[PDB]
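Enquirer: Got a structure for you, input10.cif, holding mmCIF, N, CA, C and O atoms.
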data_entry
#
loop_
_atom_site.label_atom_id
_atom_site.label_comp_id
_atom_site.auth_asym_id
_atom_site.auth_seq_id
_atom_site.Cartn_x
_atom_site.Cartn_y
_atom_site.Cartn_z
N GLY P 1 22.35 158.22 -66.77
CA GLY P 1 23.43 158.83 -66.02
C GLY P 1 24.12 157.85 -65.09
O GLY P 1 23.85 156.65 -65.13
N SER P 2 25.02 158.37 -64.26
CA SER P 2 25.76 157.53 -63.33
C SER P 2 24.81 156.85 -62.34
O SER P 2 23.86 157.45 -61.86
N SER P 3 25.08 155.58 -62.05
CA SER P 3 24.25 154.81 -61.13
C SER P 3 25.11 154.11 -60.08
O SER P 3 26.33 154.03 -60.21
N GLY P 4 24.46 153.61 -59.03
CA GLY P 4 25.18 152.93 -57.97
C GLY P 4 25.30 153.77 -56.72
O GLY P 4 25.03 154.97 -56.74
N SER P 5 25.69 153.13 -55.62
CA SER P 5 25.84 153.83 -54.35
C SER P 5 26.77 155.03 -54.49
O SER P 5 27.55 155.12 -55.44
N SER P 6 26.68 155.96 -53.54
CA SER P 6 27.51 157.16 -53.56
C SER P 6 28.94 156.82 -53.95
O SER P 6 29.55 157.51 -54.77
N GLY P 7 29.48 155.76 -53.36
CA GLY P 7 30.83 155.35 -53.66
C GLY P 7 31.87 156.27 -53.06
O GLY P 7 31.54 157.11 -52.21
N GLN P 8 33.12 156.12 -53.48
CA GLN P 8 34.20 156.95 -52.97
C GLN P 8 34.97 157.60 -54.11
O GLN P 8 36.20 157.67 -54.09
N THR P 9 34.24 158.09 -55.11
CA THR P 9 34.85 158.74 -56.27
C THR P 9 35.00 160.24 -56.04
O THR P 9 36.10 160.78 -56.16
N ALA P 10 33.90 160.89 -55.70
CA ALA P 10 33.91 162.33 -55.46
C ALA P 10 35.05 162.72 -54.53
O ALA P 10 35.78 163.68 -54.78
N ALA P 11 35.21 161.97 -53.44
CA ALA P 11 36.26 162.23 -52.47
C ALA P 11 37.58 162.55 -53.17
O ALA P 11 38.11 163.65 -53.03
N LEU P 12 38.10 161.58 -53.91
CA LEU P 12 39.36 161.76 -54.63
C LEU P 12 39.25 162.91 -55.63
O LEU P 12 39.96 163.91 -55.53
N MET P 13 38.36 162.75 -56.61
CA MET P 13 38.16 163.78 -57.63
C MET P 13 38.30 165.17 -57.03
O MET P 13 38.88 166.07 -57.65
N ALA P 14 37.77 165.36 -55.83
CA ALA P 14 37.84 166.64 -55.15
C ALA P 14 39.28 167.15 -55.07
O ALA P 14 39.61 168.20 -55.60
N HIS P 15 40.13 166.38 -54.39
CA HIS P 15 41.54 166.75 -54.25
C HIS P 15 42.07 167.39 -55.52
O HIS P 15 42.63 168.49 -55.49
N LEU P 16 41.89 166.71 -56.64
CA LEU P 16 42.35 167.22 -57.93
C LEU P 16 41.80 168.61 -58.19
O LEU P 16 42.55 169.53 -58.55
N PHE P 17 40.50 168.78 -58.01
CA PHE P 17 39.85 170.07 -58.22
C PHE P 17 40.57 171.17 -57.45
O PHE P 17 40.73 172.28 -57.95
N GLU P 18 41.00 170.85 -56.24
CA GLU P 18 41.69 171.82 -55.39
C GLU P 18 43.12 172.03 -55.88
O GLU P 18 43.55 173.16 -56.13
N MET P 19 43.86 170.93 -56.02
CA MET P 19 45.25 171.00 -56.48
C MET P 19 45.38 171.93 -57.68
O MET P 19 46.04 172.96 -57.61
N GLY P 20 44.74 171.55 -58.78
CA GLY P 20 44.80 172.36 -59.98
C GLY P 20 44.36 171.60 -61.22
O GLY P 20 44.86 171.85 -62.32
N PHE P 21 43.43 170.68 -61.04
CA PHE P 21 42.92 169.88 -62.15
C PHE P 21 41.40 169.92 -62.21
O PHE P 21 40.72 169.45 -61.30
N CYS P 22 40.87 170.50 -63.28
CA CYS P 22 39.43 170.61 -63.46
C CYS P 22 38.94 169.70 -64.58
O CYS P 22 38.13 170.10 -65.41
N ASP P 23 39.45 168.47 -64.60
CA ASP P 23 39.07 167.50 -65.62
C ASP P 23 38.51 166.24 -64.98
O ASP P 23 39.23 165.27 -64.75
N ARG P 24 37.21 166.25 -64.69
CA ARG P 24 36.55 165.11 -64.07
C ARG P 24 36.60 163.89 -64.99
O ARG P 24 36.63 162.75 -64.53
N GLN P 25 36.61 164.14 -66.30
CA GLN P 25 36.65 163.07 -67.28
C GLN P 25 37.99 162.34 -67.23
O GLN P 25 38.04 161.11 -67.30
N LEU P 26 39.07 163.10 -67.09
CA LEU P 26 40.41 162.53 -67.03
C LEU P 26 40.59 161.71 -65.75
O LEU P 26 40.81 160.50 -65.80
N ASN P 27 40.49 162.38 -64.61
CA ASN P 27 40.64 161.71 -63.32
C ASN P 27 39.95 160.35 -63.32
O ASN P 27 40.59 159.31 -63.15
N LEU P 28 38.63 160.36 -63.52
CA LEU P 28 37.85 159.13 -63.55
C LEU P 28 38.66 157.99 -64.17
O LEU P 28 38.96 157.00 -63.50
N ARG P 29 39.01 158.14 -65.44
CA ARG P 29 39.79 157.12 -66.14
C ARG P 29 40.92 156.59 -65.26
O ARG P 29 41.17 155.39 -65.21
N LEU P 30 41.60 157.50 -64.57
CA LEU P 30 42.70 157.13 -63.69
C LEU P 30 42.19 156.41 -62.45
O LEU P 30 42.67 155.33 -62.09
N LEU P 31 41.20 157.01 -61.79
CA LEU P 31 40.62 156.42 -60.59
C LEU P 31 40.35 154.93 -60.78
O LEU P 31 40.75 154.11 -59.96
N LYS P 32 39.67 154.60 -61.87
CA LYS P 32 39.34 153.21 -62.18
C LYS P 32 40.49 152.54 -62.92
O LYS P 32 40.28 151.61 -63.70
N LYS P 33 41.71 153.01 -62.67
CA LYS P 33 42.89 152.45 -63.32
C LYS P 33 44.01 152.23 -62.31
O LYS P 33 44.74 151.24 -62.37
N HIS P 34 44.15 153.16 -61.37
CA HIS P 34 45.18 153.07 -60.34
C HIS P 34 44.55 152.87 -58.96
O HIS P 34 45.13 153.25 -57.95
N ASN P 35 43.37 152.26 -58.94
CA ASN P 35 42.67 152.00 -57.69
C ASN P 35 42.46 153.30 -56.90
O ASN P 35 42.64 153.34 -55.69
N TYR P 36 42.09 154.36 -57.61
CA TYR P 36 41.86 155.65 -56.99
C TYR P 36 43.10 156.12 -56.24
O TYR P 36 43.01 156.74 -55.18
N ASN P 37 44.27 155.83 -56.80
CA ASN P 37 45.54 156.22 -56.19
C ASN P 37 45.86 157.68 -56.50
O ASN P 37 46.61 157.98 -57.43
N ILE P 38 45.29 158.59 -55.71
CA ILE P 38 45.52 160.01 -55.90
C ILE P 38 46.94 160.28 -56.39
O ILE P 38 47.16 161.13 -57.26
N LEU P 39 47.90 159.55 -55.83
CA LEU P 39 49.30 159.71 -56.21
C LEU P 39 49.50 159.40 -57.69
O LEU P 39 49.92 160.26 -58.47
N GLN P 40 49.20 158.17 -58.08
CA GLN P 40 49.34 157.74 -59.47
C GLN P 40 48.50 158.61 -60.39
O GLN P 40 48.93 158.99 -61.48
N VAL P 41 47.28 158.93 -59.95
CA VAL P 41 46.38 159.76 -60.74
C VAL P 41 46.99 161.13 -61.03
O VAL P 41 46.90 161.64 -62.15
N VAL P 42 47.63 161.71 -60.02
CA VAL P 42 48.26 163.02 -60.16
C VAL P 42 49.58 162.90 -60.91
O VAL P 42 49.76 163.50 -61.98
N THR P 43 50.51 162.14 -60.35
CA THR P 43 51.82 161.95 -60.96
C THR P 43 51.71 161.80 -62.47
O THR P 43 52.51 162.35 -63.22
N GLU P 44 50.70 161.05 -62.91
CA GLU P 44 50.48 160.83 -64.34
C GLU P 44 50.08 162.13 -65.03
O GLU P 44 50.69 162.52 -66.03
N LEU P 45 49.06 162.79 -64.50
CA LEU P 45 48.58 164.05 -65.07
C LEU P 45 49.74 165.03 -65.27
O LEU P 45 49.87 165.64 -66.33
N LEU P 46 50.57 165.17 -64.25
CA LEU P 46 51.71 166.08 -64.31
C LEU P 46 52.58 165.77 -65.52
O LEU P 46 53.13 166.67 -66.15
N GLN P 47 52.70 164.48 -65.84
CA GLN P 47 53.51 164.05 -66.98
C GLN P 47 52.90 164.52 -68.29
O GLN P 47 53.56 165.15 -69.11
N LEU P 48 51.62 164.22 -68.49
CA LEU P 48 50.91 164.61 -69.70
C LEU P 48 51.16 166.08 -70.03
O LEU P 48 51.71 166.41 -71.08
N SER P 49 50.76 166.96 -69.11
CA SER P 49 50.94 168.40 -69.30
C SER P 49 52.38 168.80 -69.01
O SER P 49 52.96 168.40 -68.00
N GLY P 50 52.96 169.61 -69.90
CA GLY P 50 54.33 170.06 -69.71
C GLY P 50 55.24 169.60 -70.83
O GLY P 50 54.87 168.78 -71.66
N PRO P 51 56.46 170.15 -70.86
CA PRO P 51 57.46 169.81 -71.88
C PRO P 51 57.99 168.39 -71.72
O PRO P 51 58.68 167.87 -72.60
N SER P 52 57.67 167.77 -70.59
CA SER P 52 58.12 166.41 -70.31
C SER P 52 57.25 165.39 -71.04
O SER P 52 56.23 164.94 -70.51
N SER P 53 57.65 165.03 -72.25
CA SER P 53 56.90 164.07 -73.05
C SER P 53 57.76 162.84 -73.36
O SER P 53 57.29 161.71 -73.23
N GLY P 54 59.00 163.07 -73.75
CA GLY P 54 59.90 161.98 -74.07
C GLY P 54 60.84 161.66 -72.93
O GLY P 54 60.42 161.16 -71.88
#
Turn this file's structure into structure tokens for me.

Expert:
Amino acid sequence: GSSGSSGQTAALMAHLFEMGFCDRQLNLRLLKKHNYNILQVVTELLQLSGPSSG
């Protein structure tokens, strides 16, 4: 399973859970991609879901 100090992942992941995102698998990928940039992590998610594709 996951190893290492508590870290600062749950903190961010939480926000998403509240906002309206229940995908811990998705967020993670973003967290370790946009330096845990809640903004970038969210802004991106919003794009994926919705008629806004092209």

Enquirer: Kindly give the distance, in Å, that separates atom CA of residue 17 of chain P and atom CA of residue 34 of chain P, rounded to a single decimal.

Expert: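 It comes out at 17.9 Å.
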
Enquirer: Please, what distance in Å, to one decimal, runs between atom CA of residue 9 of chain P and atom O of residue 53 of chain P?

Expert: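 The value is 28.3 Å.
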
Enquirer: Rounded to one decimal, what separation in Å do you get between atom CA of residue 12 of chain P and atom CA of residue 31 of chain P?

Expert: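 Interatomic distance here is 8.1 Å.
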
Enquirer: If you run DSSP on the backbone here, which positions in chain P get helix (DSSP H, G or I)? Please write them as a ChimeraX atom specification.

Expert: /P:9-19,24-31,38-48

Enquirer: For the structure shown, which residues end up in the PyMOL selection byres ((chain P and resi 41-51) around 8)? Put them as a list in words, please?

Expert: residues 16, 26, 27, 29, 30, 31, 33, 34, 35, 36, 37, 38, 39, 40, 52, 53 and 54 of chain P

Enquirer: Mind working out the centre and edge lengths of an axis-aligned box for segment 38-45 of chain P, all listed atoms inside, 6 Å added to each side, rounded to one decimal in Å and written as AutoDock Vina command-line options?

Expert:
--center_x 48.9 --center_y 161.7 --center_z -61.0 --size_x 19.2 --size_y 19.9 --size_z 22.6
